[PDB]
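>>> please work out how this folds:
(chains A, B, C and D, ligands or ions: 13)
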Amino acid sequence: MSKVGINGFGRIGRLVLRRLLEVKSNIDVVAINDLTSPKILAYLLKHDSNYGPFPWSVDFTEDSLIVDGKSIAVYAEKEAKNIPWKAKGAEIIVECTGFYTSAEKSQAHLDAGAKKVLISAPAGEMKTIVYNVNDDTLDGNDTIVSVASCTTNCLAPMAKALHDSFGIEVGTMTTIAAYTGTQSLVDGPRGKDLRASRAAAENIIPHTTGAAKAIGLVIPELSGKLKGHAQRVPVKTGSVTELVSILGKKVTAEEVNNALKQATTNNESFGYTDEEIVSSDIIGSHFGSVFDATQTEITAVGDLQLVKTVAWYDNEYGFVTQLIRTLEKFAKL
Amino acid sequence: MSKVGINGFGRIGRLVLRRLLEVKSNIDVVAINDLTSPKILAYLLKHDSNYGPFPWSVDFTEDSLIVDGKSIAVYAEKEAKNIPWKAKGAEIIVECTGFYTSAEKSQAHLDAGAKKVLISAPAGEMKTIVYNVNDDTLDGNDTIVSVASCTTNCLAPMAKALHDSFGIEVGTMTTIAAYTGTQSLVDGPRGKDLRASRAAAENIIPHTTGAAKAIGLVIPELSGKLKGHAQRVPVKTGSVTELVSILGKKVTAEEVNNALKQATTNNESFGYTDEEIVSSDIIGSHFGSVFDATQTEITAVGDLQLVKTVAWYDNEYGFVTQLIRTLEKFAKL
Amino acid sequence: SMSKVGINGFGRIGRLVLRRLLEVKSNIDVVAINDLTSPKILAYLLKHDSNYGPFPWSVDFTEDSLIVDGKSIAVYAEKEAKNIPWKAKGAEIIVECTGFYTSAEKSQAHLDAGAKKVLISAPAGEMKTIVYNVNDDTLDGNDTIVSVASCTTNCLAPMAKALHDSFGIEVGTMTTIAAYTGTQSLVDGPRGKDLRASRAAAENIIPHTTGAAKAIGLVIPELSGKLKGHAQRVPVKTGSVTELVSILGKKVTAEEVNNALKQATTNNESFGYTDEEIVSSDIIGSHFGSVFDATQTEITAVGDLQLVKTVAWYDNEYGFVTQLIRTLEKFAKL
Amino acid sequence: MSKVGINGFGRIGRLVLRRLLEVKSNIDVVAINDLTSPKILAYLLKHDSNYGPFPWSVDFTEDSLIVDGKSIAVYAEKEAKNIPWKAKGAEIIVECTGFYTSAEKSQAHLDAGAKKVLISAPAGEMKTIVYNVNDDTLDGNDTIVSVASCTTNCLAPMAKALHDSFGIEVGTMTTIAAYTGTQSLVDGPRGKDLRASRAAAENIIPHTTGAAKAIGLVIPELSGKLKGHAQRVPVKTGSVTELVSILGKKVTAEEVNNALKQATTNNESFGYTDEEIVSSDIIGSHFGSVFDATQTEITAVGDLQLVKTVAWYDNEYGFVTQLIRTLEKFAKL
Ligand SMILES: NC(=O)c1ccc[n+]([C@@H]2O[C@H](COP(=O)([O-])OP(=O)(O)OC[C@H]3O[C@@H](n4cnc5c(N)ncnc54)[C@H](O)[C@@H]3O)[C@@H](O)[C@H]2O)c1
Ligand SMILES: NC(=O)c1ccc[n+]([C@@H]2O[C@H](COP(=O)([O-])OP(=O)(O)OC[C@H]3O[C@@H](n4cnc5c(N)ncnc54)[C@H](O)[C@@H]3O)[C@@H](O)[C@H]2O)c1
Ligand SMILES: NC(=O)c1ccc[n+]([C@@H]2O[C@H](COP(=O)([O-])OP(=O)(O)OC[C@H]3O[C@@H](n4cnc5c(N)ncnc54)[C@H](O)[C@@H]3O)[C@@H](O)[C@H]2O)c1
Ligand SMILES: NC(=O)c1ccc[n+]([C@@H]2O[C@H](COP(=O)([O-])OP(=O)(O)OC[C@H]3O[C@@H](n4cnc5c(N)ncnc54)[C@H](O)[C@@H]3O)[C@@H](O)[C@H]2O)c1
Ligand SMILES: O=C(OP(=O)(O)O)[C@@H](O)COP(=O)(O)O
Ligand SMILES: O=C[C@H](O)COP(=O)(O)O
Ligand SMILES: O=C[C@H](O)COP(=O)(O)O
Ligand SMILES: O=C[C@H](O)COP(=O)(O)O
Ligand SMILES: [Cl-]
Ligand SMILES: [Cl-]
Ligand SMILES: [Cl-]
Ligand SMILES: [Cl-]
Ligand SMILES: [Cl-]
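Numbers count the residues shown, from 1 in each chain, chains lettered A, B, ... in the order given. Ligands and ions are numbered 1, 2, ... in the order given. Dropping the coordinates below:
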């Protein structure tokens, strides 16, 4: 099964298609479901405020997109159980709407004729993959799987390296993160998340994330040992994650940095920098996470030591490269 | 005096209450309708990203707001015909949702028991008031009235002065305008306006407006003589309108400026500046429009002459002061 | 008491110094301003403020002065402090807000220029350094040059002080997510030798050094050498927030931390408390130097290993300025 | 000639090198003058907030950059007199500091041993080239020439087409333009220009431009016929120019757009779109100007007619592609 459907052709959904074409994947996107017309989806695919013009041709008909010459059916079923995935034989659904982030909810795609679902977000207690951290846990019998959040994909490679090298006894994370579509343009009701109701490009906005709390799904030894949250700020994409840890060994910054560099060597998912980059430098990254050695900080008083480690991440395209790596392996199991 | 209900407690709707309290109006707001809980409306009223903390105490119960110790009923009826306006005696509805911009749609407020409706937007061919341009056309028989857009309230006072002093033969308008809630935070579907789908805080976005086309409802002699559009840009509020005119007589810049100054003298609605201000200086303006003599430009070749005149406006609060001026007169009639 | 003040550096901080003094109807009179420009330009900037809106009093100017609320203020343009003619109008205390005299050696030039005392709006080495309502009782009559530290210090210190007093801080690290300022760059281009400072401030998250934690012992001596930290500069015009992750000297709950901080902010004009779901624009114009936010408190514990994260907002412009003015009013009366 | 020096390695200066390399030009940049260290110039060349990572390897020594394996000398002479252009053999100086915008000032580069100078800004009464409008006026005896402003390179192509097809009797433009390094990050003195003292990313800021006033240097028949200004707004690059004209014939929108279409066909400098683009879609443009037929507007009242035509431009990269076109030709004469 190499035929894929995308549910939710938004920021993540459209970049999923862009990245599959970019790596010349064998995967075949045969169908897209969203809430709108092919005309609007085509316009959005062609013109991207964060990544510029689509590198391939885009046209549309009344019920399809034509992308690089190839027809993709377009459906508009707001309930996944009604998506006609069998018409073009979509077997794996990349679930990118945010409305089906649980096993019970994404089961609808299987009731609708698909064989497997890969959810682009945390989805409770199910197989949750950060590629090149725990993708070896994926199994031929898995049918509904999560890639967690962009934040998880940033935190986990760094926490895995520190865990393997030094032990993490306890830690807390703050990500300073680009705003996303769950926020608001102008002050106004946004469900029941009050902070989410506030103008996102005009505020620093505290925001919850399960990235640290649910880390045990990805690194079971760290289960319950991490907590964290986000500060959403006015950049359009490109984010950074700080982890403050008590480690299991006394370290120097050079030692921490060296251990991280070894973990990023020959690692297509986890990059390393000792350059003085800022967030816009991460936009377009092909890594899920880029550890920044320039921000490593060891605070020591007598016997006590706090270790701050920092990694950048393009919460859109970078995370998407991780989603695709996982999808390619998923599709072959 | 009259009791008011507010439909749509959004950017404009909340500022309606703020301005009414600020001027210590005789009008009592007795009921609000929206789509959310009193808790969420209280949070949004108390904390404003553009105008700061609410100047009065704010609390809520399960079915009301308490503002400066006064109770305001809160309803959540998506359909205006279902709002119980009679329960608290709301006589005049300030219609601020965007979903009732016609005589026929806003009739549902009269069906539901109100006497009059003031619509905070263009609403087709009905009486359409820019205070201190044509508010004298209101009379005791009017029951559904429009104050047009923020753009009309910025265009009309300037166009009326030029018309009165020099005549306008033909003109075109461009407003460089703050983004608003009809736009998108991230690239995504926004109805059928393609350009409205693009990230508003990250782009210059061309945007249609009816202010020029429908100016004849406010200034009858200018019917058919003006066109225009908007460029929406990344400022949160505060806007400016340029009008390029062929006038009915030859003029100098000083002459235009003196004529506008006379038109703004003792004019609570229409301000004048010859200071080198920028958009943030108009935020919180108590004028619907402020003419800027520093940007007047006369381009002339032979007997041909283009006149560019420029006025600032706080599309949120400044417009609201005009809406309240009109509401205050509407209620006395 | 000393009542006549001069401002050196009529910038973001210096202009708000005047605004706040008029706001609180201080007996302190600003009689002179020094900067590098014309009265016309200084009057333009005082009248029109992108962050706080129109000046609340009238503003006019002459060729050598500003006229503010009807009161004349002399304007000088001496790039070297030693040349400022402070004695013409009798300016006694200089509020030093240029960023170019951030040491005792540098700022004593104002004394050479005829002033009696200097209050520096920034860290200024190992001199007497005051965070009001943390350690202002250490000011005495012999202090002649004083620092109020940074906006970050005025945010970090009240929170750390309450933690220190209640539970002990054995070690900690701070990250402030902070509004950009004029030390950064509008477009990518050289900005001295800080590489990251060269990058477009309104288009990036930009890591940025601060001394607030490293030098906290000037304000809370028992924490000397126990804290580190840095900043992430982000695209908001003003309004900032500081997170502190601490190992405390006691096992705690979140309610227990929040209650201690609440007690420390009670009857405290410098240090506020909130349990509302606010965002940065809600702190713009704060009359506090720091506002502890109980909704962000987080206790992470594994056995006897405990990390405590406490968070406080601050308006790095106006809120800091209110602390500067508090210290100035006390300074002038010693 | 084939050996270039760059004075002012800023936004334009760095992009000049980027573009020369992108088009595999035979011109080689042999030296750079600025005010800083090779390390900082290397950092800035490698990491670009608007265009992302440099596509070629960058490194430095104490006195040079190494770009794609080639060494480039780096000087830091505040005064062009002192730049040893001689040493490395720098024949043509691309003058991008803003501080030598006259034939008299750029004389210094010739005194220091350069043979020609191309100034990246208006520089008074000298040959001023918009490529594919008037680059044929260049001859082998030219030593110091200007490529005008980004605004001129946007206005001139559109004006030229209209003038050729219809005649422009008089007109005025407004560009809604990305903020640049001449503006302020926070409110504070910026020389004598009051509006330039204001926070550029938080404001709409009126701003003077000479593009229209000086158009006669590029289109001599339009001398003294145009005026205009700018509104600088909070986007980092990517701008748009509106021109309101009285034409010499009556026209329809379709007729205007087909005239512009024809003038842009096989026109490598001047592009055409009828797609609903927004400013970020122009970032990275390889045109000096892109005419947008979706924004054409004809306001007609009897014999009078105002024609609004609109063209997009990447004021950084797009303008640079025009500068390089002119340079390549300038170098061969
Ligand atoms: N933006 C990020 O940085 C990021 C990173 C990683 C993961 N994610 C997660 O991926 C998912 C999508 O994120 P996004 O930023 O692309 O959101 P988005 O709002 O840009 O896209 C959501 C798409 O789903 C469509 N949609 C909504 N409900 C639908 C429904 N019932 N049926 C079909 N289509 C529907 C919408 O029209 C839209 O196109 C979320 O779960 C998000 O948490 C986001
Ligand atoms: N610059 C401005 O924002 C501005 C200026 C002048 C006029 N207007 C016009 O005023 C009106 C509101 O504009 P806004 O910026 O305040 O928009 P908004 O989106 O901020 O507020 C709209 C409010 O109405 C609520 N709402 C939506 N549908 C509803 C319904 N069926 N019933 C009850 N409540 C509903 C929404 O929850 C929201 O609180 C529009 O007509 C707008 O064109 C806006
Ligand atoms: N902006 C903040 O958030 C903040 C908060 C607390 C403390 N501070 C500190 O306050 C001081 C001022 O900061 P700011 O943001 O107001 O900077 P600013 O750049 O806005 O103001 C500096 C002012 O001083 C002028 N100036 C520069 N050199 C001068 C000289 N030799 N003589 C006279 N005037 C000169 C400048 O023209 C300008 O008006 C700095 O030390 C800063 O670290 C800033
Ligand atoms: N930014 C635009 O959109 C744009 C477009 C077209 C033309 N221009 C013009 O091109 C020129 C450069 O504009 P920019 O945006 O790149 O400015 P910039 O501020 O980004 O770059 C100017 C460079 O020149 C350096 N410099 C300043 N003075 C110098 C000196 N005496 N000697 C050597 N180096 C010096 C600076 O360090 C800086 O690196 C200006 O004349 C501008 O009007 C700008
Ligand atoms: O990022 C998130 O991930 P989780 O909250 O952990 O599910 C969300 O908080 C909201 O933003 P997003 O869904 O676009 O990523
Ligand atoms: O829903 C959001 C508002 O309607 C925005 O106002 P607007 O109509 O002026 O764009
Ligand atoms: O605080 C650190 C740096 O000095 C930059 O910020 P500033 O404007 O407060 O001086
Ligand atoms: O140095 C820069 C020039 O003086 C101004 O040109 P600019 O405003 O278009 O960038
Ligand atoms: Cl958590
Ligand atoms: Cl129109
Ligand atoms: Cl000195
Ligand atoms: Cl430190
Ligand atoms: Cl002009």
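
>>> all the strands of the stretch 1-150 of chain A, residue numbers only.
A:3-7, A:28-33, A:58-61, A:64-67, A:70-75, A:92-95, A:116-119, A:144-146 (DSSP state E, counting those that start in this stretch).

>>> buried residues in the third one?
Read it as strand A:58-61. Using 16 or more other C-beta atoms under 10 Å in any protein chain shown as the test for burial, strand A:58-61 gives A:58, A:60. (C-beta placed from N, C-alpha, C; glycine too.)

>>> ranking the strands of the stretch 1-150 of chain A by burial, who's on top?
When the strands of the stretch 1-150 of chain A are scored by mean count of other C-beta atoms under 10 Å in any protein chain shown, the highest mean neighbour count falls to strand A:92-95 (a mean of 28).

>>> list the contacts for the spatially closest residue to residue A:253 that is not a sequence neighbour?
In space, and not counting its chain neighbours, residue A:253 is closest to residue A:296: 4.7 Å by C-beta to C-beta, 6 or more residues apart in numbering or on different chains. Shown in contact with residue A:296 (C-beta atoms under 8 Å, 6 or more residues apart in numbering or on different chains): A:253, A:256-257, A:307-310.

>>> over to residue A:321?
Residue A:321 touches A:19, A:269, A:285-288, counting by C-beta under 8 Å, 6+ apart.

>>> rewinding a little: dump the strands of the stretch 1-150 of chain A to JSON lines, plus distance to chain D.
JSON lines is the format used below for those (distance: least, C-beta to the nearest C-beta, whole Å):
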{"stretch": "strand A:3-7", "distance to chain D": "23"}
{"stretch": "strand A:28-33", "distance to chain D": "21"}
{"stretch": "strand A:58-61", "distance to chain D": "11"}
{"stretch": "strand A:64-67", "distance to chain D": "16"}
{"stretch": "strand A:70-75", "distance to chain D": "19"}
{"stretch": "strand A:92-95", "distance to chain D": "26"}
{"stretch": "strand A:116-119", "distance to chain D": "28"}
{"stretch": "strand A:144-146", "distance to chain D": "30"}
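
>>> what's the spacing between the residue in the stretch 151-300 of chain A positioned nearest to ligand 1 and ligand 8?
When scored by C-beta to the nearest ligand atom, the stretch 151-300 of chain A has residue A:181 as its residue closest to ligand 1, at 3.5 Å. According to C-beta to the nearest ligand atom, to the nearest Å, residue A:181 stands 33 Å off from ligand 8.

>>> over to residue A:80?
In terms of C-beta to the nearest ligand atom, residue A:80 sits 51 Å off from ligand 8.

>>> burial check on that residue, number of neighbours?
25 (other C-beta atoms under 10 Å in any protein chain shown).

>>> domain parsing for chain A?
A:3-149+A:320-331, A:150-319 (CATH domains of a matching chain).

>>> right, is the last one up against ligand 6?
This points to domain A:150-319. No. Judged by C-beta under 6 Å from any ligand atom, domain A:150-319 stays clear of ligand 6, getting no closer than 6.9 Å.

>>> kindly report the residues of chain A close to ligand 1.
A:7-13, A:33-35, A:78, A:96-99, A:120-121, A:149-150, A:180-181, A:315-316, A:319.

>>> how far is the host helix or strand of residue A:255 from where the chain is centred?
With secondary structure defined by DSSP states H and E, residue A:255 is part of helix A:253-264. Distance, stretch centre to chain centre, for helix A:253-264: 24 Å (C-alpha atoms, centre = their mean, to the nearest Å).

>>> export the helix or strand just after it to PDB, keeping only CA atoms.
Remark: after helix A:253-264, the chain's next helix or strand is strand A:270-273, criterion DSSP H and E. Output of strand A:270-273 as PDB, limited to C-alpha atoms (Å, rounded to 0.1, in the frame of the first residue of the first chain):
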ATOM      1  CA  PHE A 270      18.700  15.500  14.100                       C
ATOM      2  CA  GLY A 271      21.000  18.400  13.100                       C
ATOM      3  CA  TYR A 272      23.700  20.300  15.000                       C
ATOM      4  CA  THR A 273      24.900  23.900  14.900                       C
END
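
>>> following element in sequence after strand A:270-273, please.
Past strand A:270-273, the next helix or strand by DSSP H and E is strand A:289-292.

>>> other SSEs contacting that following strand?
helix A:150-166, helix A:253-264, strand A:270-273, strand A:304-313 (3 or more C-beta pairs under 8 Å, 6 or more residues apart in numbering or on different chains; DSSP states H and E).

>>> would you turn the ones you listed into TSV with distance to residue A:3 and mean neighbour count?
Below are these laid out as TSV (distance: least, C-beta to C-beta, whole Å; neighbours: other C-beta atoms under 10 Å in any protein chain shown):
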stretch	distance to residue A:3	mean neighbour count
helix A:150-166	26	26
helix A:253-264	34	17
strand A:270-273	30	22
strand A:304-313	30	24
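
>>> now do the closest residue to residue A:264 other than its chain neighbours against residue A:19, distance only.
In space, and not counting its chain neighbours, residue A:264 is closest to residue A:272: 4.0 Å by C-beta to C-beta, 6+ apart. Counting by C-beta to C-beta, to the nearest Å, the gap from residue A:272 to residue A:19 is 22 Å.

>>> OK, contacts around the closest residue to ligand 11 within chain A?
Closest approach between chain A and ligand 11, counting by C-beta to the ion: residue A:276, at 32.9 Å. By C-beta under 8 Å, 6+ apart, the contact list for residue A:276 reads A:294, C:195-196, C:207, D:43.

>>> could you do residue A:142 as well?
Counting by C-beta under 8 Å, 6+ apart, residue A:142 has contacts A:116, A:127, A:330, A:333.

>>> what are the bridge partners for the first one, then?
Okay, so that is residue A:116. residue A:92 (DSSP bridges).

>>> my guess is it contacts residue A:144. True?
Yes. The pair residue A:116 and residue A:144 passes the contact test of C-beta atoms under 8 Å, sitting 7.2 Å apart.

>>> which residues does residue A:74 contact?
A:31-34, A:37-38, A:41, A:60, A:63-65.

>>> count the residues that sit near the closest residue in space to it that isn't next to it in sequence.
Spatial nearest neighbour of residue A:74, excluding adjacent residues (C-beta to C-beta, 6+ apart): residue A:38 at 4.6 Å. Residues near residue A:38, counting by other C-beta under 10 Å, number 21.
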